[PDB]
Amino acid sequence: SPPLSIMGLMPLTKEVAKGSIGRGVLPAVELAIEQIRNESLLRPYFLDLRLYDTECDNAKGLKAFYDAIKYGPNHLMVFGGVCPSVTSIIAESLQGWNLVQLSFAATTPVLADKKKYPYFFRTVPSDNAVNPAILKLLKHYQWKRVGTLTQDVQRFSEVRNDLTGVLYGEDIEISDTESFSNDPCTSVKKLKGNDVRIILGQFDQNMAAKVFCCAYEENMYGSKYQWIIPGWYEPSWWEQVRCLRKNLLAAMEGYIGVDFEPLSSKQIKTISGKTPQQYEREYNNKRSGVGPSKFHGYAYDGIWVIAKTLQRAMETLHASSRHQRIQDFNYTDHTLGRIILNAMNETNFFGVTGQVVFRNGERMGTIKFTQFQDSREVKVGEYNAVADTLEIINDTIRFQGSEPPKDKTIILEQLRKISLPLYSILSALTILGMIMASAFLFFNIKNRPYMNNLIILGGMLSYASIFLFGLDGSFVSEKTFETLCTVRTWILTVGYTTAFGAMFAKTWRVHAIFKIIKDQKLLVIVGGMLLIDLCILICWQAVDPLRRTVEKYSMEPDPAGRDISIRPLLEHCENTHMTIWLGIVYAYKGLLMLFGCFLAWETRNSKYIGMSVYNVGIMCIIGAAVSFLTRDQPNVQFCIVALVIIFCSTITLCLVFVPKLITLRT
Amino acid sequence: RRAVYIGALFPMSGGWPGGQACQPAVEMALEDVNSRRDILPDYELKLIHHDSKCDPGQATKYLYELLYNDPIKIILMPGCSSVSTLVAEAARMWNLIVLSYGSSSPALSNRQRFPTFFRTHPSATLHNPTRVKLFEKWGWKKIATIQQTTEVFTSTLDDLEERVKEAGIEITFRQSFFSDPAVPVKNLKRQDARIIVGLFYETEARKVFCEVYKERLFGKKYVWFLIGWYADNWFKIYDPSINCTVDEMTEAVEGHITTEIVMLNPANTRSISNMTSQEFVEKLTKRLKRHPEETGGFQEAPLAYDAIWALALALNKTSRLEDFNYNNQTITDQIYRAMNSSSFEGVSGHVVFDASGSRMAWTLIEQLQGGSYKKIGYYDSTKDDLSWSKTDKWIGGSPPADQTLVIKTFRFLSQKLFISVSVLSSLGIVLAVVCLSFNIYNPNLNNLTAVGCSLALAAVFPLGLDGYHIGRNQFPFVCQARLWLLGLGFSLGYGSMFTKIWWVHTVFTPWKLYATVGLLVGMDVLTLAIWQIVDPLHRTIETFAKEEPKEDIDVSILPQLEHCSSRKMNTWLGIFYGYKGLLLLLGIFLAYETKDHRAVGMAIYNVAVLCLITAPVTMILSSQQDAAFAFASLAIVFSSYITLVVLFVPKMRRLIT
Ligand SMILES: *[C@@H]1O[C@H](CO)[C@@H](O[C@@H]2O[C@H](CO)[C@@H](O)[C@H](O)[C@H]2NC(C)=O)[C@H](O)[C@H]1NC(C)=O
Ligand SMILES: *[C@@H]1O[C@H](CO)[C@@H](O[C@@H]2O[C@H](CO)[C@@H](O)[C@H](O)[C@H]2NC(C)=O)[C@H](O)[C@H]1NC(C)=O
Ligand SMILES: *[C@@H]1O[C@H](CO)[C@@H](O[C@@H]2O[C@H](CO)[C@@H](O)[C@H](O)[C@H]2NC(C)=O)[C@H](O)[C@H]1NC(C)=O
Ligand SMILES: *[C@@H]1O[C@H](CO)[C@@H](O[C@@H]2O[C@H](CO)[C@@H](O)[C@H](O)[C@H]2NC(C)=O)[C@H](O)[C@H]1NC(C)=O
Ligand SMILES: *[C@@H]1O[C@H](CO)[C@@H](O[C@@H]2O[C@H](CO)[C@@H](O)[C@H](O)[C@H]2NC(C)=O)[C@H](O)[C@H]1NC(C)=O
Ligand SMILES: *[C@@H]1O[C@H](CO)[C@@H](O)[C@H](O)[C@H]1NC(C)=O
């Protein structure tokens with residue numbers, strides 16, 4: 001039978017550790033070729049394989065390739081290549097004879113282009129096949145803020161460049177894009193300065209122990225951060241290589257490892273007829289000397305791929321003519337290579353790794369999530385991109401916290417409250433001044449003429465105003481009461497102007513005498529400034545709505561260590577452009593009060609009324625002074641204005657009556 | 001004889017079609033060296049050659065085609081750069097020596113990876129000392145760089161960074177692309193840089209210039225640095241891959257600086273060939289039917305020429321060389337030892353190459369000036385000689401730079417409004433002194449009030465302007481002196497005014513009262529001294545306006561003003577205004593209380609409302625151009641004028657009425 005020759009280009013020596021890999025993957029392909037001899041898928045021909053040692057030096061590999069070209073027979077395919085330079089160079093040069101090279105360990109995305117490499121295919125999942133997986137894991141546990149850290153190597157910068165290419169369209173933020181070369185410790189410094197919660201590391205093996213030891217020095221661990229790291233190092237690599245393993249182990253737990261999964265968990269019949277369990281058992285009892293490889297699955301699948309490929313392209317219309325065209329290939333033909341490319345590219349079937357497909361020189365693989373649980377890694381979850389499902393292994397994951405941490409700095413706000421045990425004693429003092437007012441009104445009607453009644457009206461309105469001052473502020477059970485602060489401030493101002501008009505018109509008439517129609521003129525002169533203050537009330541209504549405003553005082557503390565910050569807020573009734581209005585109102589009050597304040601110095605030789613108007617004008621100006629020098633704390637200002645209001649509004653009646661009834665009741 | 005065969009390679013097209021010119025050059029060179037029997041008494045030179053278009057697939061096919069055939073070749077000649085690296089990497093397995101002629105990779109200077117490799121072409125790092133001197137001439141600091149993603153450009157950009165870092169010039173915007181110019185020219189428009197250096201081949205130079213015309217990023221503040229060994233017609237060849245027309249590109253590429261290096265003797269000398277450079281160039285223009293402005297590789301053909309002549313003299317230095325096989329090494333080491341000590345004088349001057357390379361002395365620099373290139377000057381790096389010719393036109397003459405800023409001082413109105421203020425103060429002084437002399441020459445509290453109002457009319461002038469007299473920057477001293485004098489003057493005048501109405505209110509209801517009111521006046525100088533002890537003076541700077549109000553020049557105008565202040569002066573001046581307002585309202589109440597007295601009360605009623613209406617309008621104002629100083633001076637001089645012209649009306653009018 002005429003043989004169909006094919007050539008494998010593998011490192012077979014002992015001077016390189018990848019010779020162990022080639023010697024490990026040789027039993028799977030010889031078992032596969034003996035299975036092909038068992039089934040005998042091809043009556044007239046028989047397959048032949050010629051092995052060639054490379055050691056992946058470029059000159060020696062091209063020399064062995066040239067020797068095989070010059071001296072060997074009419075080869076049909078070429079197979080293999082592990083070292084990236086001699087794969088890159090052969091994949092660029094392959095079109096000079098229009099042939100196809102099949103690899104199984106080239107794990108660099110630079111072979112993704114087909115204008116550069118139209119004849120190249122691979123079955124190993126690349127490093128860009130973890131990027132849908134990490135998005136699905138993040139949406140599985142709702143993470144928002146992340147900081148990246150990429151080592152300045154071409155591969156890490158390439159996957160960093162592809163993070164942006166895969167990240168487009170979702171609610172994701174990338175804050176700290178630090179890219180160091182050999183000092184990761186200042187990078188952890190910068191990361192702690194931007195205090196980002198989740199690390200997505202990209203570096204080599206030797207940098208990792210130094211990064212975690214001087215991240216212990218920054219204390220970048222705890223129940224606050226996660227670390228997503230590519231975990232393809234050798235197991236227990238950290239046992240050999242300024243920082244002790246005692247000061248490393250209590251911070252090297254919880255580090256999420258992102259690998260590719262070798263096998264599956266299906267016990268289903270493949271096209272071989274066996275299960276992955278039977279295949280692995282037969283493999284490990286096939287061999288005994290070699291250290292176990294982890295690529296023999298891809299070697300076994302790809303041999304059956306190309307065998308099914310050559311039988312489906314062998315089926316041509318040309319029974320005779322193609323059989324001569326294969327038997328007389330002088331390396332020049334390209335139409336046969338085009339049909340072989342079409343029949344190989346449309347390969348889709350189920351093997352040991354699963355249902356294999358091909359999306360542009362790539363097979364859709366299985367991504368193995370893992371976690372370093374208790375001094376070792378454990379498999380925790382899978383993800384299949386052909387179906388886009390992310391399996392997880394419940395009852396296996398653990399957390400040093402209790403919830404997968406929240407990522408942004410989350411805040412909460414509330415109003416500034418006042419001391420209720422301070423407010424309650426003032427609410428108890430509310431009633432006594434009012435009852436004394438309504439009792440001395442009955443003493444005045446027992447005397448029964450309008451002057452002390454107007455004084456009592458001002459006192460009652462003041463005792464109502466000082467009650468409803470802070471009753472609307474902190475207790476916000478009446479929510480739309482900031483519109484009514486002006487509707488009670490006009491009540492307060494009317495009581496104020498009534499009391500001070502009864503203080504002022506009497507002393508002005510005492511100055512003018514120092515007739516009953518003159519008392520009528522005095523009453524209408526008080527009514528004139530009453531209506532002047534009513535016009536100022538409607539001018540305050542027209543000048544601003546005085547609506548509900550909120551001052552948001554932002555300091556964001558934490559009383560009990562939780563990251564839910566607190567920010568207080570204060571209700572403000574003003575509209576911040578009535579400063580001219582309140583300034584002219586306070587000047588109006590000062591001009592109305594300084595007349596009597598100056599005149600009390602003169603007429604001292606209405607005997608204690610000037611001493612009353614002085615001893616209330618000082619308290620009123622100290623109330624305005626402490627009013628403008630506060631609202632930093634809305635409790636002390638309100639209690640001090642309640643204190644001065646219950647001072648003045650009953651001290652006027654007390655110093656106007658304390659000798660009156662004492663001399664009338666001797 | 002003996003036909004000795006030499007393999008060769010000529011890229012006829014692709015990114016650099018130099019082999020179109022070098023092939024007749026080497027044909028001429030082989031016919032000229034096929035003349036002397038003293039160099040080769042026994043052999044005969046033969047040439048085998050192909051094309052590769054700087055394509056490694058064809059290059060690998062042609063290397064196999066020459067290697068695995070007949071007859072045996074000895075020396076190879078690779079054209080492009082990546083293919084030159086590949087053949088110098090793989091020449092060791094046949095024990096061969098390789099000679100390149102166009103590569104510029106400075107990493108190709110290593111002898112470990114490349115023991116059997118030489119190159120006549122000098123590297124790309126001799127654009128950087130000339131680049132940093134042309135940057136040092138104009139002091140520009142914000143430069144942006146853009147490159148195609150290649151090793152032969154990143155080793156240049158790394159040499160330029162590690163050369164510019166000692167000069168203290170930062171490189172801010174460092175971008176890169178591969179074949180998409182849209183997003184990086186979007187980023188350059190969004191980063192609005194001034195001077196831009198680019199490193200890419202021609203077909204994308206046309207694409208990036210279509211993109212920069214489309215983004216409208218050419219123009220006034222944009223300087224483009226490119227290499228200059230392109231042809232002069234390059235923006236004229238029809239390329240249907242882009243829809244841009246020829247003259248908007250021609251207007252866009254106008255006025256940019258290009259750099260290169262020399263390739264041959266600028267003088268006229270004679271080689272061993274007994275010809276010169278100029279006659280050689282004449283012979284190339286004779287035999288080449290195309291134009292030198294349209295062909296490729298025309299400037300570099302003499303390095304190929306002296307490369308053959310050098311190897312020919314090396315072969316004469318070796319002088320039984322007919323049994324060469326790729327396995328042995330003795331012939332190769334003997335020829336290598338003879339070629340190592342190669343040092344002579346050829347058409348390009350002294351030809352030494354078994355050193356660290358870069359043996360050229362002068363470089364060259366041009367500028368597109370109106371549809372044609374034109375020379376700026378010459379240079380040498382060792383002697384640091386920058387030969388000039390002063391032909392650089394610019395946008396109207398000046399070189400556009402990065403960005404500047406102007407600090408503008410906020411001008412006063414030292415004009416007729418100030419001169420009117422000064423003349424009203426002088427008129428008040430003269431009127432006051434004339435009325436006081438008339439009163440003395442015919443009310444001692446009235447004389448003291450006249451002295452105080454004269455001191456106010458003497459302190460009215462020295463409010464200053466925006467730095468206009470002999471000697472400045474003592475503005476706190478002169479303003480604090482004027483303020484102290486005006487304070488004491490107003491204190492004296494108002495105290496001697498108010499003490500009369502105080503005593504008339506006392507008499508309504510000899511030097512005791514006068515001496516106690518004089519000490520009441522001198523209390524204010526104790527307040528002035530307490531203001532002088534803890535924080536007397538300060539000349540602060542306000543930056544009240546926004547930067548860059550200018551319309552055409554990119555120098556941001558920041559207007560800054562100055563007012564005399566202190567450490568904490570606001571509450572102090574508020575307290576002093578409150579104290580003086582207290583005294584003034586006391587006077588205005590006593591004038592209605594104890595109603596000389598009628599005129600004194602009416603003068604008090606005028607001066608009080610004047611001072612109270614102008615305290616706030618000088619307290620809360622800051623635009624001193626026509627409001628603050630104008631209102632204050634109008635207030636003070638109208639006060640003193642009207643108060644004097646009312647208080648001395650009844651004296652002199654009724655003395656002779
Ligand atoms: C490999 O798979 C198919 C095999 O033909 C190709 O993609 C097909 O292209 C044809 C023609 O353009 C379309 O009609 C089909 O719809 C495509 N898809 C499929 C599934 O057949 C192409 O050769 C390769 N495609 C990929 C994605 O690698
Ligand atoms: C290059 O130019 C061609 C022709 O001008 C463009 O194709 C369109 O051609 C039709 C022909 O009827 C015109 O009506 C359209 O106006 C053309 N489109 C435009 C945008 O000009 C082609 O689009 C141009 N290339 C690009 C990139 O715009
Ligand atoms: C170049 O060749 C010429 C002749 O082939 C050389 O000699 C010339 O000889 C004549 C004989 O009388 C003299 O008159 C000329 O002055 C010579 N030319 C010179 C000196 O340039 C000549 O020496 C050769 N070499 C050079 C460098 O020109
Ligand atoms: C080039 O070849 C010549 C062979 O003719 C070498 O030697 C010559 O030797 C004779 C006899 O002594 C002298 O008269 C000539 O002057 C020599 N030629 C030259 C050019 O000097 C000569 O040594 C060889 N040159 C080199 C550099 O190898
Ligand atoms: C080829 O050139 C000369 C001649 O054989 C030698 O040059 C030596 O170069 C090294 C490198 O720096 C120096 O340290 C030696 O002093 C040089 N020796 C000399 C000039 O005699 C050497 O054999 C070769 N290599 C180089 C680089 O020159
Ligand atoms: C899976 O997780 C849920 C929720 O925690 C739990 O109730 C259930 O028992 C888990 N299943 C197994 C098999 O542990």
# chains A, B, ... in the order shown; residues from 1 in each chain; ligands from 1
$ select_by_dssp --residues "region 32-208 of chain A" --states "helix (DSSP H, G or I)" --output "PyMOL selection string"
chain A and resi 32-39+58-71+84-96+109-112+127-141+154-166+185-193+206-208
$ interface_residues --of "chain B" --to "chain A" --cutoff "12 Å" --atoms "only C-alpha atoms" --output "PyMOL selection string"
chain B and resi 55-65+67-69+82-83+86-95+113+505-506+509+582+585-590+593
$ write_last_selection --atoms "C-alpha atoms" --output "short mmCIF file (atom, residue, chain, number, x, y, z; two decimals), in the first residue's frame"
data_model
loop_
_atom_site.label_atom_id
_atom_site.label_comp_id
_atom_site.auth_asym_id
_atom_site.auth_seq_id
_atom_site.Cartn_x
_atom_site.Cartn_y
_atom_site.Cartn_z
CA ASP B 55 8.67 39.96 1.72
CA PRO B 56 10.00 37.11 3.91
CA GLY B 57 7.99 34.43 2.11
CA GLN B 58 9.72 35.15 -1.18
CA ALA B 59 12.93 35.79 0.71
CA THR B 60 12.87 32.32 2.24
CA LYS B 61 12.04 30.78 -1.12
CA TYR B 62 14.90 32.60 -2.86
CA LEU B 63 17.35 31.79 -0.04
CA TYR B 64 16.49 28.11 -0.45
CA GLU B 65 16.75 28.52 -4.23
CA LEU B 67 21.44 27.68 -1.11
CA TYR B 68 20.28 24.26 -2.25
CA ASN B 69 21.49 24.58 -5.84
CA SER B 82 13.94 42.07 8.56
CA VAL B 83 15.24 39.74 5.86
CA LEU B 86 16.93 36.70 9.31
CA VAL B 87 19.83 35.86 7.05
CA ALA B 88 22.41 37.14 9.51
CA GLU B 89 20.72 35.02 12.15
CA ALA B 90 20.85 31.89 10.01
CA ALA B 91 24.14 32.32 8.10
CA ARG B 92 26.13 30.54 10.83
CA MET B 93 25.07 27.03 9.86
CA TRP B 94 26.91 27.27 6.57
CA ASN B 95 29.83 29.31 8.00
CA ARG B 113 24.12 37.20 18.04
CA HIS B 505 -26.37 120.26 75.28
CA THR B 506 -24.82 120.45 78.75
CA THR B 509 -29.96 121.10 80.39
CA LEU B 582 -21.49 105.75 67.27
CA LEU B 585 -25.05 109.34 65.59
CA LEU B 586 -24.47 110.77 69.07
CA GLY B 587 -23.70 114.11 67.43
CA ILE B 588 -26.69 113.90 65.10
CA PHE B 589 -28.96 113.13 68.05
CA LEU B 590 -27.52 115.93 70.21
CA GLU B 593 -31.59 117.63 71.21
#
$ atom_distance --atom1 "CA of residue 163 (chain B)" --atom2 "CA of residue 260 (chain B)"
18.5 Å
$ residues_around --residues "residue 117 (chain B)" --least-positions-apart "4" --cutoff "12 Å" --atoms "only C-alpha atoms" --output "PyMOL selection string"
chain B and resi 75-78+84-92+95-101+103+108-113+336+339-340+353-354
$ residues_around --residues "residue 618 (chain B)" --least-positions-apart "3" --cutoff "10 Å" --atoms "only C-alpha atoms" --output "compact mmCIF listing (two decimals) with N, CA, C and O atoms, in the first residue's frame"
# COMPACT_ATOMS: atom_id res chain seq x y z
N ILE B 613 -23.30 107.84 53.99
CA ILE B 613 -23.61 107.35 52.66
C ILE B 613 -22.36 106.92 51.91
O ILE B 613 -22.47 106.20 50.91
N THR B 614 -21.17 107.33 52.35
CA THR B 614 -19.97 106.95 51.63
C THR B 614 -19.05 106.01 52.40
O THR B 614 -18.03 105.59 51.84
N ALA B 615 -19.36 105.67 53.65
CA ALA B 615 -18.64 104.59 54.31
C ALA B 615 -18.90 103.26 53.63
O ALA B 615 -17.93 102.53 53.35
N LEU B 621 -17.11 98.27 47.78
CA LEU B 621 -16.73 98.37 46.39
C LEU B 621 -15.28 97.94 46.22
O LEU B 621 -14.47 98.02 47.15
N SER B 622 -14.95 97.47 45.01
CA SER B 622 -13.57 97.18 44.68
C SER B 622 -13.14 97.64 43.30
O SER B 622 -11.94 97.64 43.02
N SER B 623 -14.06 98.03 42.42
CA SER B 623 -13.68 98.52 41.10
C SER B 623 -13.38 100.00 41.24
O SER B 623 -14.28 100.84 41.23
N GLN B 624 -12.09 100.33 41.37
CA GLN B 624 -11.68 101.67 41.73
C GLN B 624 -11.56 102.59 40.53
O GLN B 624 -11.02 103.70 40.66
N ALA B 627 -15.63 104.26 40.38
CA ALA B 627 -16.61 104.13 41.45
C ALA B 627 -16.02 104.40 42.82
O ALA B 627 -16.47 105.32 43.51
N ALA B 628 -15.01 103.63 43.24
CA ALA B 628 -14.57 103.65 44.63
C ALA B 628 -13.85 104.95 44.98
O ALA B 628 -14.31 105.72 45.83
N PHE B 629 -12.71 105.20 44.32
CA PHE B 629 -11.94 106.41 44.59
C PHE B 629 -12.68 107.67 44.16
O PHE B 629 -12.56 108.71 44.81
N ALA B 630 -13.48 107.57 43.09
CA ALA B 630 -14.27 108.70 42.62
C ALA B 630 -15.32 109.10 43.65
O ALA B 630 -15.44 110.28 44.00
N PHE B 631 -16.06 108.12 44.17
CA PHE B 631 -17.10 108.38 45.16
C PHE B 631 -16.49 108.87 46.46
O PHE B 631 -17.02 109.81 47.08
N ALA B 632 -15.36 108.28 46.88
CA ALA B 632 -14.74 108.68 48.14
C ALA B 632 -14.18 110.10 48.06
O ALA B 632 -14.37 110.90 48.98
$ residues_around --residues "residue 644 (chain A)" --least-positions-apart "5" --cutoff "9 Å" --atoms "only C-alpha atoms" --output "VMD selection string"
chain A and resid 619 to 620 622 to 623 639 649
$ residues_around --residues "region 151-163 of chain A" --least-positions-apart "2" --cutoff "12 Å" --atoms "only C-alpha atoms" --output "PyMOL selection string"
chain A and resi 84+107-110+126-132+134-135+148-149+165-168+172+174+177-184+187+200-208+211+230
$ residues_around --residues "region 430-441 of chain B" --least-positions-apart "5" --cutoff "7 Å" --atoms "only C-alpha atoms" --output "VMD selection string"
chain B and resid 447 450 454
$ residues_near_ligand --ligand "ligand 3" --cutoff "12 Å" --atoms "only C-alpha atoms and all ligand atoms" --output "PDB file with N, CA and C atoms, in the first residue's frame"
ATOM      1  N   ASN B 268      35.650  67.462  -4.602  1.00  0.00           N
ATOM      2  CA  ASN B 268      36.062  66.660  -5.749  1.00  0.00           C
ATOM      3  C   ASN B 268      37.481  66.171  -5.511  1.00  0.00           C
ATOM      4  N   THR B 269      37.629  64.855  -5.386  1.00  0.00           N
ATOM      5  CA  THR B 269      38.912  64.241  -5.084  1.00  0.00           C
ATOM      6  C   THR B 269      39.015  63.067  -6.054  1.00  0.00           C
ATOM      7  N   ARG B 270      40.022  62.206  -5.928  1.00  0.00           N
ATOM      8  CA  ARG B 270      40.110  61.022  -6.766  1.00  0.00           C
ATOM      9  C   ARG B 270      40.316  59.747  -5.966  1.00  0.00           C
ATOM     10  N   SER B 271      39.582  58.700  -6.333  1.00  0.00           N
ATOM     11  CA  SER B 271      39.680  57.433  -5.629  1.00  0.00           C
ATOM     12  C   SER B 271      40.793  56.620  -6.291  1.00  0.00           C
ATOM     13  N   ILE B 272      40.879  55.329  -5.966  1.00  0.00           N
ATOM     14  CA  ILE B 272      41.748  54.424  -6.718  1.00  0.00           C
ATOM     15  C   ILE B 272      41.231  54.208  -8.143  1.00  0.00           C
ATOM     16  N   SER B 273      39.919  54.323  -8.349  1.00  0.00           N
ATOM     17  CA  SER B 273      39.297  54.263  -9.668  1.00  0.00           C
ATOM     18  C   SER B 273      39.604  55.450 -10.571  1.00  0.00           C
ATOM     19  N   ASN B 274      40.182  56.534 -10.035  1.00  0.00           N
ATOM     20  CA  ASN B 274      40.647  57.701 -10.802  1.00  0.00           C
ATOM     21  C   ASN B 274      39.442  58.363 -11.465  1.00  0.00           C
ATOM     22  N   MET B 275      38.425  58.585 -10.644  1.00  0.00           N
ATOM     23  CA  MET B 275      37.190  59.243 -11.020  1.00  0.00           C
ATOM     24  C   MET B 275      36.764  60.030  -9.797  1.00  0.00           C
ATOM     25  N   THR B 276      35.837  60.956  -9.975  1.00  0.00           N
ATOM     26  CA  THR B 276      35.317  61.637  -8.810  1.00  0.00           C
ATOM     27  C   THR B 276      33.852  61.304  -8.567  1.00  0.00           C
TER      28      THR B 276
END
$ atom_distance --atom1 "CA of residue 8 (chain B)" --atom2 "CA of residue 25 (chain B)"
13.2 Å
$ closest_residue --among "B:156, B:415, B:341, B:318" --to "residue 128 (chain B)" --atoms "only C-alpha atoms"
B:156
$ closest_residue --among "A:438, A:394, A:549, A:186" --to "residue 575 (chain A)" --atoms "only C-alpha atoms"
A:549
$ residues_near_ligand --ligand "ligand 2" --cutoff "9 Å" --atoms "only C-alpha atoms and all ligand atoms" --output "short mmCIF file (atom, residue, chain, number, x, y, z; two decimals) with C-alpha atoms, in the first residue's frame"
data_model
loop_
_atom_site.label_atom_id
_atom_site.label_comp_id
_atom_site.auth_asym_id
_atom_site.auth_seq_id
_atom_site.Cartn_x
_atom_site.Cartn_y
_atom_site.Cartn_z
CA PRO B 240 -6.92 55.53 -5.62
CA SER B 241 -7.09 54.20 -2.05
CA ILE B 242 -8.04 57.68 -0.77
CA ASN B 243 -10.38 60.34 -2.19
CA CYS B 244 -8.22 63.35 -1.23
#
$ residues_near_ligand --ligand "ligand 6" --cutoff "9 Å" --atoms "only C-alpha atoms and all ligand atoms" --output "PDB file with C-alpha atoms, in the first residue's frame"
ATOM      1  CA  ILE A 393     -19.337  24.468  42.308  1.00  0.00           C
ATOM      2  CA  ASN A 394     -21.623  25.273  45.206  1.00  0.00           C
ATOM      3  CA  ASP A 395     -20.781  24.083  48.761  1.00  0.00           C
ATOM      4  CA  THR A 396     -17.086  24.695  48.007  1.00  0.00           C
TER       5      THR A 396
END
